[PDB]
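S.K.: So here's target.pdb, just PDB, C-alpha atoms:
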ATOM      1  CA  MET A   1      14.052 -34.827  15.978  1.00  0.00           C
ATOM      2  CA  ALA A   2      14.755 -31.239  17.027  1.00  0.00           C
ATOM      3  CA  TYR A   3      12.295 -29.289  14.880  1.00  0.00           C
ATOM      4  CA  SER A   4       8.521 -29.478  15.313  1.00  0.00           C
ATOM      5  CA  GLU A   5       5.565 -29.144  12.943  1.00  0.00           C
ATOM      6  CA  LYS A   6       3.849 -25.759  13.207  1.00  0.00           C
ATOM      7  CA  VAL A   7       0.296 -25.055  12.042  1.00  0.00           C
ATOM      8  CA  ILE A   8       0.060 -24.798   8.257  1.00  0.00           C
ATOM      9  CA  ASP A   9      -2.213 -22.126   6.789  1.00  0.00           C
ATOM     10  CA  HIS A  10      -4.247 -22.426   3.588  1.00  0.00           C
ATOM     11  CA  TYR A  11      -7.659 -21.520   2.170  1.00  0.00           C
ATOM     12  CA  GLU A  12      -8.406 -18.885   4.809  1.00  0.00           C
ATOM     13  CA  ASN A  13     -10.571 -15.916   3.827  1.00  0.00           C
ATOM     14  CA  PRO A  14     -10.378 -14.120   0.453  1.00  0.00           C
ATOM     15  CA  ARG A  15      -7.512 -11.980  -0.840  1.00  0.00           C
ATOM     16  CA  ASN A  16      -6.783  -8.768  -2.745  1.00  0.00           C
ATOM     17  CA  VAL A  17      -9.214  -6.883  -0.506  1.00  0.00           C
ATOM     18  CA  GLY A  18      -6.964  -3.854  -0.140  1.00  0.00           C
ATOM     19  CA  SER A  19      -6.436  -4.090   3.612  1.00  0.00           C
ATOM     20  CA  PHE A  20      -3.979  -5.858   5.915  1.00  0.00           C
ATOM     21  CA  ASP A  21      -6.135  -8.011   8.191  1.00  0.00           C
ATOM     22  CA  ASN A  22      -9.329  -6.012   8.721  1.00  0.00           C
ATOM     23  CA  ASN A  23      -9.146  -2.264   9.342  1.00  0.00           C
ATOM     24  CA  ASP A  24      -7.027  -1.485  12.405  1.00  0.00           C
ATOM     25  CA  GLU A  25      -7.131   1.838  14.254  1.00  0.00           C
ATOM     26  CA  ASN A  26      -3.707   2.860  12.948  1.00  0.00           C
ATOM     27  CA  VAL A  27      -4.560   2.207   9.298  1.00  0.00           C
ATOM     28  CA  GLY A  28      -4.433   4.996   6.733  1.00  0.00           C
ATOM     29  CA  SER A  29      -7.324   5.719   4.381  1.00  0.00           C
ATOM     30  CA  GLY A  30      -6.632   7.009   0.883  1.00  0.00           C
ATOM     31  CA  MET A  31      -8.617   7.335  -2.336  1.00  0.00           C
ATOM     32  CA  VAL A  32      -7.080   8.794  -5.495  1.00  0.00           C
ATOM     33  CA  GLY A  33      -8.742   8.688  -8.900  1.00  0.00           C
ATOM     34  CA  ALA A  34      -7.166   8.820 -12.351  1.00  0.00           C
ATOM     35  CA  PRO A  35      -6.948  12.100 -14.311  1.00  0.00           C
ATOM     36  CA  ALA A  36     -10.375  11.644 -15.896  1.00  0.00           C
ATOM     37  CA  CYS A  37     -13.974  10.536 -15.366  1.00  0.00           C
ATOM     38  CA  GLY A  38     -13.052   7.203 -13.812  1.00  0.00           C
ATOM     39  CA  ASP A  39     -11.232   6.833 -10.501  1.00  0.00           C
ATOM     40  CA  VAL A  40     -10.805   3.250  -9.296  1.00  0.00           C
ATOM     41  CA  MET A  41      -7.513   3.186  -7.394  1.00  0.00           C
ATOM     42  CA  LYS A  42      -6.975   2.562  -3.680  1.00  0.00           C
ATOM     43  CA  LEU A  43      -4.016   2.592  -1.289  1.00  0.00           C
ATOM     44  CA  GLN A  44      -4.088   1.892   2.449  1.00  0.00           C
ATOM     45  CA  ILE A  45      -1.175   1.625   4.880  1.00  0.00           C
ATOM     46  CA  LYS A  46      -0.693   0.461   8.468  1.00  0.00           C
ATOM     47  CA  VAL A  47       1.198   2.582  10.997  1.00  0.00           C
ATOM     48  CA  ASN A  48       2.626   1.159  14.222  1.00  0.00           C
ATOM     49  CA  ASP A  49       2.904   2.668  17.702  1.00  0.00           C
ATOM     50  CA  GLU A  50       6.221   4.186  16.623  1.00  0.00           C
ATOM     51  CA  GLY A  51       4.411   6.118  13.909  1.00  0.00           C
ATOM     52  CA  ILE A  52       6.041   4.098  11.141  1.00  0.00           C
ATOM     53  CA  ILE A  53       4.635   2.133   8.205  1.00  0.00           C
ATOM     54  CA  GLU A  54       4.618  -1.557   9.122  1.00  0.00           C
ATOM     55  CA  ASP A  55       2.228  -2.839   6.456  1.00  0.00           C
ATOM     56  CA  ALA A  56       0.974  -1.732   3.040  1.00  0.00           C
ATOM     57  CA  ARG A  57      -1.989  -2.456   0.767  1.00  0.00           C
ATOM     58  CA  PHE A  58      -3.590  -1.217  -2.454  1.00  0.00           C
ATOM     59  CA  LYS A  59      -6.372  -1.902  -4.956  1.00  0.00           C
ATOM     60  CA  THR A  60      -7.151  -1.304  -8.631  1.00  0.00           C
ATOM     61  CA  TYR A  61      -9.643  -2.108 -11.389  1.00  0.00           C
ATOM     62  CA  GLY A  62      -7.788  -5.198 -12.570  1.00  0.00           C
ATOM     63  CA  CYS A  63      -8.112  -7.324 -15.698  1.00  0.00           C
ATOM     64  CA  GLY A  64      -6.492 -10.751 -15.579  1.00  0.00           C
ATOM     65  CA  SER A  65      -3.224 -12.636 -15.999  1.00  0.00           C
ATOM     66  CA  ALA A  66      -1.461  -9.775 -14.218  1.00  0.00           C
ATOM     67  CA  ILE A  67       0.047 -11.453 -11.157  1.00  0.00           C
ATOM     68  CA  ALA A  68       1.028  -8.777  -8.639  1.00  0.00           C
ATOM     69  CA  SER A  69       0.252  -5.609 -10.598  1.00  0.00           C
ATOM     70  CA  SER A  70       0.960  -2.106  -9.296  1.00  0.00           C
ATOM     71  CA  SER A  71       2.076  -3.798  -6.077  1.00  0.00           C
ATOM     72  CA  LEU A  72       5.496  -2.134  -6.158  1.00  0.00           C
ATOM     73  CA  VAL A  73       4.409   0.683  -3.846  1.00  0.00           C
ATOM     74  CA  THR A  74       3.143  -1.683  -1.151  1.00  0.00           C
ATOM     75  CA  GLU A  75       6.769  -2.773  -0.794  1.00  0.00           C
ATOM     76  CA  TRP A  76       8.274   0.718  -0.939  1.00  0.00           C
ATOM     77  CA  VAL A  77       6.294   2.207   1.948  1.00  0.00           C
ATOM     78  CA  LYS A  78       6.652  -1.055   3.869  1.00  0.00           C
ATOM     79  CA  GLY A  79       9.363  -0.669   6.492  1.00  0.00           C
ATOM     80  CA  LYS A  80       9.444   3.070   5.837  1.00  0.00           C
ATOM     81  CA  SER A  81       8.048   6.035   7.769  1.00  0.00           C
ATOM     82  CA  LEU A  82       5.286   8.462   6.792  1.00  0.00           C
ATOM     83  CA  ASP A  83       7.878  11.245   6.721  1.00  0.00           C
ATOM     84  CA  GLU A  84       9.901   9.209   4.225  1.00  0.00           C
ATOM     85  CA  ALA A  85       6.984   7.919   2.154  1.00  0.00           C
ATOM     86  CA  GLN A  86       6.032  11.580   1.763  1.00  0.00           C
ATOM     87  CA  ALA A  87       9.313  12.229  -0.047  1.00  0.00           C
ATOM     88  CA  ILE A  88       8.486   9.626  -2.694  1.00  0.00           C
ATOM     89  CA  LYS A  89       8.565  10.837  -6.298  1.00  0.00           C
ATOM     90  CA  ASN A  90       6.435   9.630  -9.209  1.00  0.00           C
ATOM     91  CA  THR A  91       9.499   9.686 -11.464  1.00  0.00           C
ATOM     92  CA  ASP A  92      10.902   7.028  -9.134  1.00  0.00           C
ATOM     93  CA  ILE A  93       8.091   4.485  -9.432  1.00  0.00           C
ATOM     94  CA  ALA A  94       7.795   5.467 -13.094  1.00  0.00           C
ATOM     95  CA  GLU A  95      11.504   4.993 -13.786  1.00  0.00           C
ATOM     96  CA  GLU A  96      11.668   1.782 -11.753  1.00  0.00           C
ATOM     97  CA  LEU A  97       8.503   0.234 -13.190  1.00  0.00           C
ATOM     98  CA  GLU A  98       9.482   1.239 -16.726  1.00  0.00           C
ATOM     99  CA  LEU A  99       6.516   2.520 -18.733  1.00  0.00           C
ATOM    100  CA  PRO A 100       5.643   4.717 -21.743  1.00  0.00           C
ATOM    101  CA  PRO A 101       4.778   8.442 -21.582  1.00  0.00           C
ATOM    102  CA  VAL A 102       1.138   7.672 -22.370  1.00  0.00           C
ATOM    103  CA  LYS A 103       0.757   5.727 -19.124  1.00  0.00           C
ATOM    104  CA  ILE A 104       2.828   8.225 -17.140  1.00  0.00           C
ATOM    105  CA  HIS A 105      -0.276   9.518 -15.363  1.00  0.00           C
ATOM    106  CA  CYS A 106      -0.317   6.209 -13.487  1.00  0.00           C
ATOM    107  CA  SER A 107       2.994   7.252 -11.931  1.00  0.00           C
ATOM    108  CA  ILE A 108       1.464  10.422 -10.494  1.00  0.00           C
ATOM    109  CA  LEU A 109      -1.720   8.857  -9.126  1.00  0.00           C
ATOM    110  CA  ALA A 110       0.564   6.704  -6.978  1.00  0.00           C
ATOM    111  CA  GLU A 111       2.184   9.525  -5.008  1.00  0.00           C
ATOM    112  CA  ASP A 112      -1.260  10.966  -4.278  1.00  0.00           C
ATOM    113  CA  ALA A 113      -2.237   7.651  -2.690  1.00  0.00           C
ATOM    114  CA  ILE A 114       0.843   7.971  -0.483  1.00  0.00           C
ATOM    115  CA  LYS A 115       0.300  11.394   1.081  1.00  0.00           C
ATOM    116  CA  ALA A 116      -3.404  10.645   1.519  1.00  0.00           C
ATOM    117  CA  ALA A 117      -2.794   7.440   3.473  1.00  0.00           C
ATOM    118  CA  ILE A 118      -0.406   9.500   5.599  1.00  0.00           C
ATOM    119  CA  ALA A 119      -2.409  12.660   6.278  1.00  0.00           C
ATOM    120  CA  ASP A 120      -5.334  10.293   6.833  1.00  0.00           C
ATOM    121  CA  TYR A 121      -3.572   8.304   9.553  1.00  0.00           C
ATOM    122  CA  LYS A 122      -2.331  11.235  11.635  1.00  0.00           C
ATOM    123  CA  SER A 123      -5.793  12.706  11.065  1.00  0.00           C
ATOM    124  CA  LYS A 124      -7.476   9.829  12.898  1.00  0.00           C
ATOM    125  CA  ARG A 125      -4.853   9.882  15.652  1.00  0.00           C
ATOM    126  CA  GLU A 126      -4.546  13.666  15.895  1.00  0.00           C
ATOM    127  CA  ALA A 127      -6.881  13.522  18.893  1.00  0.00           C
ATOM    128  CA  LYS A 128      -4.853  15.005  21.749  1.00  0.00           C
TER
END
Can you dump the structure from the file as structure tokens?

M.R.:
Amino acid sequence: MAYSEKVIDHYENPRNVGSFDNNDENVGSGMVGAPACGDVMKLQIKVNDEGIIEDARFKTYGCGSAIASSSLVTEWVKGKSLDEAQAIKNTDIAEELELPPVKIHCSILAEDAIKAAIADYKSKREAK
């Protein structure tokens, strides 16, 4: 009557790639490995013209039956600014996610992925 029927989306390209719609020019590149002979974590962000984080993305080894795992950071940085995301503290994501001391290292590897994505962005747009 008053409302129309927009275009529904479904079955379009893969997912869990670790990037928000291809790799823009304002996207941050970060690569932090675990405290050992492994390294398999990834975290990329998307900065807008205002120099603020508009989108967020990450990647990990995986396993199965996880359903949105370690995707708590992608929401934290989202809507925030690089200057703010740089103030993030492992203890925060570690105290909010709730985990044992044995898997505490996973709380530190997160922060690293933050700064990187930041210093990486301004590094690609530092051309003046």

S.K.: So the first atom is CA of residue 92 in chain A and the second is CA of residue 58 in chain A; what is the distance between them in Å, to one decimal place?

M.R.: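 Going from CA of residue 92 in chain A over to CA of residue 58 in chain A, I get 18.0 Å.
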
S.K.: Between CA of residue 14 in chain A and CA of residue 61 in chain A, what distance in Å does the model show, to one decimal?

M.R.: 16.9 Å

S.K.: If we count all atoms listed in the file, what is near residue 112 in chain A at a cut-off of 10 Å, once residues fewer than 3 positions away on the same chain are taken out, given as a list in words?

M.R.: residues 30, 31, 32, 33, 43, 86, 88, 90, 107, 108, 109, 115, 116 and 117 of chain A

S.K.: Let me make sure I understand: among A:123, A:44, A:91, A:70, which one has the smallest atom-to-atom distance to residue 23 in chain A if we use all atoms listed in the file?

M.R.: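 Using all atoms listed in the file, residue 23 in chain A sits closest to A:44.
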
S.K.: Nearest to residue 57 in chain A: which of A:37, A:2, A:45, A:77 is it, counting all atoms listed in the file?

M.R.: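 Of A:37, A:2, A:45, A:77, the one nearest residue 57 in chain A is A:45, counting all atoms listed in the file.
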
S.K.: Counting all atoms listed in the file, what is within 9 Å of residue 52 in chain A, bar same-chain residues fewer than 3 positions away, as a PyMOL selection string?

M.R.: chain A and resi 46-49+78-83

S.K.: Show which residues sit within 8 Å of residue 121 in chain A, as a short mmCIF file (atom, residue, chain, number, x, y, z; two decimals) with C-alpha atoms, in the frame of the given file. Count only C-alpha atoms, and ignore same-chain residues fewer than 4 positions away.

M.R.:
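Writing done, so here's part22.cif:
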data_model
loop_
_atom_site.label_atom_id
_atom_site.label_comp_id
_atom_site.auth_asym_id
_atom_site.auth_seq_id
_atom_site.Cartn_x
_atom_site.Cartn_y
_atom_site.Cartn_z
CA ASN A 26 -3.71 2.86 12.95
CA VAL A 27 -4.56 2.21 9.30
CA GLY A 28 -4.43 5.00 6.73
CA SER A 29 -7.32 5.72 4.38
CA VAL A 47 1.20 2.58 11.00
CA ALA A 117 -2.79 7.44 3.47
CA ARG A 125 -4.85 9.88 15.65
#

S.K.: So the first atom is CA of residue 64 in chain A and the second is CA of residue 18 in chain A; what is the distance between them in Å, to one decimal place?

M.R.: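 Distance reported for this atom pair: 16.9 Å.
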
S.K.: Kindly indicate which residue among A:128, A:54, A:106, A:59 lies nearest to residue 34 in chain A, using all atoms listed in the file for the distances.

M.R.: A:106

S.K.: Can you tell me which residues surround residue 126 in chain A at a distance of at most 12 Å, considering all atoms listed in the file, apart from same-chain residues fewer than 6 positions away, and format the answer as a CSV table (one decimal) with C-alpha atoms, keeping the file's coordinate frame?

M.R.:
chain,number,residue,atom,x,y,z
A,26,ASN,CA,-3.7,2.9,12.9
A,51,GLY,CA,4.4,6.1,13.9
A,118,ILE,CA,-0.4,9.5,5.6
A,119,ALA,CA,-2.4,12.7,6.3
A,120,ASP,CA,-5.3,10.3,6.8

S.K.: Kindly indicate which residue among A:42, A:102, A:110, A:55 lies nearest to residue 73 in chain A, using all atoms listed in the file for the distances.

M.R.: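 Smallest distance to residue 73 in chain A is found for A:110.
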